[PDB]
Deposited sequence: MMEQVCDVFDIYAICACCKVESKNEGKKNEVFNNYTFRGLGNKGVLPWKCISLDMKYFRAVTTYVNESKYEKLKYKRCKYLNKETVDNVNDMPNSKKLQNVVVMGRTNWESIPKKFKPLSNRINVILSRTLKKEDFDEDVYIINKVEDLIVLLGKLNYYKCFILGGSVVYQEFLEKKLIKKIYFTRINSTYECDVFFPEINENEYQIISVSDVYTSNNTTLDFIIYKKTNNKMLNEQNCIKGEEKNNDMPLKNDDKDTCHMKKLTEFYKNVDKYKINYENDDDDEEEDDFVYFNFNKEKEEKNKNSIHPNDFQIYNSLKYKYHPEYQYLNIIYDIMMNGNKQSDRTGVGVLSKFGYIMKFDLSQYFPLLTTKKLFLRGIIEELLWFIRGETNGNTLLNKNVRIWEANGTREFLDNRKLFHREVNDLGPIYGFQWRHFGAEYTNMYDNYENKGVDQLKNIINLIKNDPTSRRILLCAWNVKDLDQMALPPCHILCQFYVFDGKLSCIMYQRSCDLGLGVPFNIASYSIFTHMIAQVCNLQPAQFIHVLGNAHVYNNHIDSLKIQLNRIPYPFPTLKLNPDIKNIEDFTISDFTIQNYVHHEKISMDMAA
C-alpha cells in the first residue's frame, strides 16, 4: 500500500464545537472558522506541530528510499501538503514553511519554485517518487483531510485534542474506528487557558551486547483474561496521567492476592502504591467513566465546618455516610449510646477539635481541642519550609468512638517557589468505587488550601496502603481498562474566597469535563 511506501501521515488539531451529552472521538472535530483557526493561539500545539513536521532521522532514510525505489524502480527534510485555503491563512515570516518541502494542492494556482503545486492527489505520489524526503505530513484543510482519508493514503493521524469549545465552519472527517485505531496518548497539558493532549491513530490490519545481560538478570522471573484488555494491551504509549489509576487496577487484577472480606465479598489486594497528579496542568477527574462531584464537595465543606452530624449531609441528599450512621451499623460497632447519624469524632472533629472530649453531634466545641486546620494554614503562610505541615484524622484515642476509623489518615503539605503540593496517605483503597472520588476530594482540597494561602497548586500525591479491587468490580473494571481517556477537565474556584471557612457549593466549577458512559461498578 502507497501510504506505507511513501509514509503519508496527517497532523491536525481539533477543538470541540457548539450546538446528559454523550462523548466519543467525534467530540473533537473543529478545524477552522471563516478562513482561520477557531482558537486564539495555543503555543504547545504550535510547538508540537513544528517538532513533528520538522523531525528527520537521516540514519533511517536508507531503508525508506530502498522501499520507495524497489516499489518504483532504481539536507534531508519532510514534505508538508496543504490545501490552497489552508496555504492562504498562513502568515508571512513562516509562510514558506521552514526546513520543510512545501507542496500545495490547488486547481487554480500555479508558478515560485523549490515550492511545488499539484492539480490532483495522484500528482503527489508522482512528486514523492522523484524527491528525497523523510516523511510526508498532510497539514489538511477539511477538504484535503476528507479526500486523503477517503483514498486510504494515511498511515497515521497525529491528532491534538484541544479540550475547549469554539465557533467552527469546517470539521475533521469522522475517523472510522474499523479503519484506524488509537495506539498512543500523551500527557495532559494546559496551554493558553485550555487543557489538551496528543493521540496517535494508526491504519489497522484489515554494542547491543547488554541485551543478553537483560535476559540473564531476569532468570528468576490471576484468572483474569488479558485478551479481554485488548485495547489496553495494544496501546504503545500510555502517558495520559489517568493510566496511573488504570495501571494500578491492571496490576492488582494480574498480580493481586486473593483475600476474603468482612461479608465474604472477596478482594484482590496489594500493598503500597503512589500516584502523582499535576494540578498546574489539569484537574484529574477520571474520564474512563462518569463521576459526580456535588456530594464530594459538600462532604469537604462539612469536614471544614468540623461537623459530625450525618443529617446535615442526608438533608442535602449526600448519602456517602448514610450506611455508617444506621442504628444497626452503630450497634454492630458497640455504639449503643450513639444517636442515629451521630458519626462521633470523625474527620471534621479531628480537623477542628483534636483532643477534645466528644459528647454528641449537637454540642458547642468552640475553642476545644487542637484546630489542626487553622494551624496547617498558618504554618503554610508563615513557615512554608516546615516539614511539620500535617493534618491527621487518625486519633488513636477516639477510633472506637467513630462510626468507622478514617480511610484518609493524613495530609502533608510542601511549599516551594509559591507552589503547594499535598500527600494524602490512605490506609484502605477501594480502587473501583472509592479511589476515583478520593483523588477528586483531595485534589479539590489542595486547590482550596492553595488559594487561601495565595499559592498555586502543584502536585496531589496519593499514597495507597491496602489497595484492593472487589471481585464484583472486575467485569466493570475490564470494560473501563479498554476505554481511552480524554484530556482532563479544569477546576475553577471563585477567586474572591481567601478564608478556608468561606467556600460554598457555588464557589466550585468543573470545566470541559469530557467522559465515557457511567459504569455501574457492581
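Residues of the deposited sequence that lack C-alpha coordinates fall in the stretches 1 to 3, 23 to 28, 84 to 96, 134 to 136, 232 to 282, 298 to 304, 606 to 608.
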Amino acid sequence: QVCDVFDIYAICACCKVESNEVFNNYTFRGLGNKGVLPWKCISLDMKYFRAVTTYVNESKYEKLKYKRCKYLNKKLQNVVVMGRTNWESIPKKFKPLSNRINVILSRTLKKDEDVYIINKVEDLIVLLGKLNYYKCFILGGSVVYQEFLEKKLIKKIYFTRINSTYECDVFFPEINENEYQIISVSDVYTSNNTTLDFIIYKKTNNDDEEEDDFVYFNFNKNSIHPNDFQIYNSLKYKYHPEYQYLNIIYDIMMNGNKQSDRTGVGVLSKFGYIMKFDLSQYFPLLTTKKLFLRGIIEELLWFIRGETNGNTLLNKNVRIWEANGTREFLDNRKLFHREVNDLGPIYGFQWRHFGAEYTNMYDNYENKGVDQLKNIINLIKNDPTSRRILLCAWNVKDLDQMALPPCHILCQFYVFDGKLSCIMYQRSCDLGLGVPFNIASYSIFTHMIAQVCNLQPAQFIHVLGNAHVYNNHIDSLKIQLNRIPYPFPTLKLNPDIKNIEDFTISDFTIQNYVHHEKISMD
From here on, numbers count along this sequence of modelled residues.
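Take the two forms, superpose them, and find the largest set of C-alpha atoms that agree within 1.5 Å; that set is the rigid core.
Choosing between 85 to 93 and 373 to 381, the greater Cα displacement from the shown form in 9 other deposited structures of this protein, fitted by the core, goes with 85 to 93. Stretch comparison, 63 to 71 versus 454 to 462: after rigid core superposition, larger RMS CA deviation in 9 other deposited structures of this protein is found for 63 to 71.
Among the other PDB entries of this protein that were compared and that flank it with modelled residues, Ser19 is left unmodelled in a third or more.
Omission of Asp417 is seen in none of the other entries compared for this protein where the adjacent residues are built, far below a third. As listed in the deposited structure, the average C-alpha B-factor of 351 to 359 and of 181 to 189 is greater for 181 to 189.
In this crystal structure, the stretch out of 474 to 482 and 36 to 44 whose C-alpha atoms carry the higher mean B factor is 36 to 44. Of the candidates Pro241, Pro226, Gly434, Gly272, the PDB record gives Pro226 the highest C-alpha temperature factor. For the set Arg388, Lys92, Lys290, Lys419, the PDB entry puts the maximum C-alpha B factor at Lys92. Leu410 sits in the lowest third of its chain by CA B factor, as recorded in the PDB entry.
The PDB entry assigns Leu493 a C-alpha temperature factor belonging to the middle third of its chain's modelled residues.
When the modelled residues of the chain are ordered by their C-alpha B factor, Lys111 lands in the highest third. In this PDB entry, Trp394 carries a Cα temperature factor that places it within the lowest third of its chain's modelled residues. When the CA B factors of the chain's modelled residues are split into thirds, the value for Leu64 lands in the highest one.
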